[PDB]
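Accompanying notes for the structure given below.
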Amino acid sequence: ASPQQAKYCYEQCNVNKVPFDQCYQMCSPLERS
């Protein structure tokens, strides 16, 4: 597992430019699916 990679995804998603729901859409497979 890698909670760090998850946190990176949820961080960089909005840092770059994506809506929260889109962030969840992309990072969810990584974090928990």
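A note on labels: chains of the structure tokens are A, B, ... as shown, every chain counts residues from 1, and ligands are counted from 1 in their shown order.
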
Would you list the contacts of residue 8 of chain A as a PyMOL selection string, taking every protein, DNA or RNA residue within 12 Å and counting only C-alpha atoms, but skipping same-chain residues closer than 4 positions in sequence?
chain A and resi 2-4+12-16+23+26-27+30-31

Per DSSP on the backbone, filter chain A down to the residues in alpha helix (DSSP H) and report them as an NGL selection string.
:A and (3-16 or 20-31)

Next, write the just-selected residues to a file, as a short mmCIF file (atom, residue, chain, number, x, y, z; two decimals), in the first residue's frame, keeping N, CA, C and O atoms as the atom set.
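Saved result, result_33.cif, follows:
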data_model
loop_
_atom_site.label_atom_id
_atom_site.label_comp_id
_atom_site.auth_asym_id
_atom_site.auth_seq_id
_atom_site.Cartn_x
_atom_site.Cartn_y
_atom_site.Cartn_z
N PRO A 3 -0.26 5.11 1.23
CA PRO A 3 -1.07 6.29 1.60
C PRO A 3 -0.44 7.59 1.12
O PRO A 3 -1.13 8.59 0.89
N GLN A 4 0.88 7.57 0.96
CA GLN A 4 1.63 8.74 0.51
C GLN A 4 1.28 9.08 -0.93
O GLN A 4 1.09 10.25 -1.27
N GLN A 5 1.18 8.06 -1.77
CA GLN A 5 0.83 8.26 -3.17
C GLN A 5 -0.59 8.78 -3.29
O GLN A 5 -0.90 9.60 -4.16
N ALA A 6 -1.46 8.29 -2.42
CA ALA A 6 -2.83 8.76 -2.36
C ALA A 6 -2.87 10.23 -2.00
O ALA A 6 -3.53 11.03 -2.67
N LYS A 7 -2.12 10.60 -0.97
CA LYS A 7 -2.09 11.98 -0.51
C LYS A 7 -1.50 12.88 -1.59
O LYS A 7 -1.91 14.03 -1.75
N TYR A 8 -0.54 12.34 -2.33
CA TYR A 8 0.07 13.06 -3.44
C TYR A 8 -0.96 13.33 -4.53
O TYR A 8 -1.04 14.43 -5.07
N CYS A 9 -1.77 12.32 -4.83
CA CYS A 9 -2.80 12.44 -5.87
C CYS A 9 -3.84 13.48 -5.47
O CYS A 9 -4.15 14.39 -6.24
N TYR A 10 -4.34 13.36 -4.24
CA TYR A 10 -5.37 14.28 -3.74
C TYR A 10 -4.82 15.69 -3.56
O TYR A 10 -5.57 16.66 -3.54
N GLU A 11 -3.51 15.80 -3.40
CA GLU A 11 -2.88 17.11 -3.28
C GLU A 11 -2.65 17.72 -4.66
O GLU A 11 -3.12 18.82 -4.93
N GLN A 12 -1.98 17.00 -5.54
CA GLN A 12 -1.57 17.55 -6.83
C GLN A 12 -2.76 17.78 -7.74
O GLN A 12 -2.70 18.62 -8.63
N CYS A 13 -3.85 17.06 -7.51
CA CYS A 13 -5.03 17.17 -8.36
C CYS A 13 -5.56 18.61 -8.35
O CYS A 13 -5.74 19.22 -9.40
N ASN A 14 -5.78 19.15 -7.16
CA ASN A 14 -6.27 20.52 -7.04
C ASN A 14 -5.15 21.53 -7.23
O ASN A 14 -5.39 22.65 -7.68
N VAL A 15 -3.92 21.15 -6.88
CA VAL A 15 -2.77 22.02 -7.09
C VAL A 15 -2.59 22.33 -8.57
O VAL A 15 -2.32 23.47 -8.94
N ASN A 16 -2.76 21.31 -9.42
CA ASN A 16 -2.69 21.54 -10.85
C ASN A 16 -3.91 22.32 -11.30
O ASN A 16 -3.83 23.53 -11.51
N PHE A 20 -12.91 18.82 -6.96
CA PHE A 20 -12.77 17.78 -5.94
C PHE A 20 -13.36 16.45 -6.41
O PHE A 20 -12.74 15.39 -6.23
N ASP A 21 -14.54 16.50 -7.02
CA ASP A 21 -15.20 15.29 -7.50
C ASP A 21 -14.36 14.59 -8.57
O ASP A 21 -14.30 13.36 -8.61
N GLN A 22 -13.71 15.37 -9.43
CA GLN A 22 -12.81 14.81 -10.42
C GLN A 22 -11.57 14.23 -9.74
O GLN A 22 -11.04 13.20 -10.17
N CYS A 23 -11.12 14.89 -8.68
CA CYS A 23 -9.97 14.41 -7.91
C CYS A 23 -10.29 13.05 -7.32
O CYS A 23 -9.51 12.10 -7.44
N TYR A 24 -11.47 12.93 -6.71
CA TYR A 24 -11.92 11.67 -6.15
C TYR A 24 -12.04 10.62 -7.25
O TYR A 24 -11.74 9.46 -7.04
N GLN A 25 -12.43 11.05 -8.44
CA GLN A 25 -12.65 10.14 -9.56
C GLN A 25 -11.34 9.49 -9.99
O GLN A 25 -11.30 8.30 -10.32
N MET A 26 -10.27 10.27 -9.98
CA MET A 26 -8.97 9.79 -10.42
C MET A 26 -8.22 9.08 -9.30
O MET A 26 -7.62 8.03 -9.51
N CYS A 27 -8.24 9.66 -8.10
CA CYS A 27 -7.42 9.14 -7.00
C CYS A 27 -8.06 7.95 -6.29
O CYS A 27 -7.36 7.19 -5.62
N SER A 28 -9.38 7.78 -6.42
CA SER A 28 -10.06 6.69 -5.73
C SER A 28 -9.52 5.29 -6.09
O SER A 28 -9.29 4.49 -5.19
N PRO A 29 -9.30 4.96 -7.40
CA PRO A 29 -8.72 3.66 -7.78
C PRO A 29 -7.40 3.38 -7.08
O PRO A 29 -7.11 2.24 -6.70
N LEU A 30 -6.60 4.43 -6.92
CA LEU A 30 -5.32 4.34 -6.23
C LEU A 30 -5.56 4.07 -4.75
O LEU A 30 -5.09 3.08 -4.19
N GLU A 31 -6.30 4.97 -4.13
CA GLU A 31 -6.50 4.95 -2.69
C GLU A 31 -7.28 3.71 -2.24
O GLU A 31 -6.76 2.89 -1.50
#
